[PDB]
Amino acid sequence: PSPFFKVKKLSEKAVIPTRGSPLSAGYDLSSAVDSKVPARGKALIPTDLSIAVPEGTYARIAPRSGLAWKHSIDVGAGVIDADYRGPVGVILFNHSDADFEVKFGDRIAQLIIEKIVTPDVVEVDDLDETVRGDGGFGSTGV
């Protein structure tokens, strides 16, 4: 079917998520509360939204660039399942030594509806061999 993104407001403070540029990846999420993210700490910021996205996708809470370089803010967790109908919370980590203030309505993250596959796991005794093989953790160099 056609993809969709449906949102239900859980309070008046909720804000409809907002696209950026026309080919933009995400929908900006706004805080439904006044809060803060403590220096070198974390916070759970409610959006007061419940959402629905299609089977074969999930909604990823992803970081905004401005907040990253200006405030050292990153998004923790962030995997919203397509069948999750509870309140959507944004987990922020503050990797700086100053508290980050959040006012209600402030755009604190961006939601991206990522395409995925979910096949049944097939357990095998052997896998195919490749060029990469067991190479990882810097095997291709600096």
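In case it trips you up, residue 1 is the first one in the sequence shown, and so on.
- Here 109-117 and 33-41 are compared by their mean Cα B-factor, and 33-41 comes out higher.
- Here 119-127 and 10-18 are compared by their mean Cα B-factor, and 119-127 comes out higher.
- In this PDB entry, the Cα temperature factor of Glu55 sits in the top third of its chain's modelled residues, the highest group.
- Placement of the Cα temperature factor of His95 within the chain: lowest third of the modelled residues, per the deposited record.
- The PDB entry assigns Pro63 a C-alpha temperature factor belonging to the lowest third of its chain's modelled residues.
- Sort the chain's modelled residues by C-alpha temperature factor and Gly26 lands in the highest third, per the entry.
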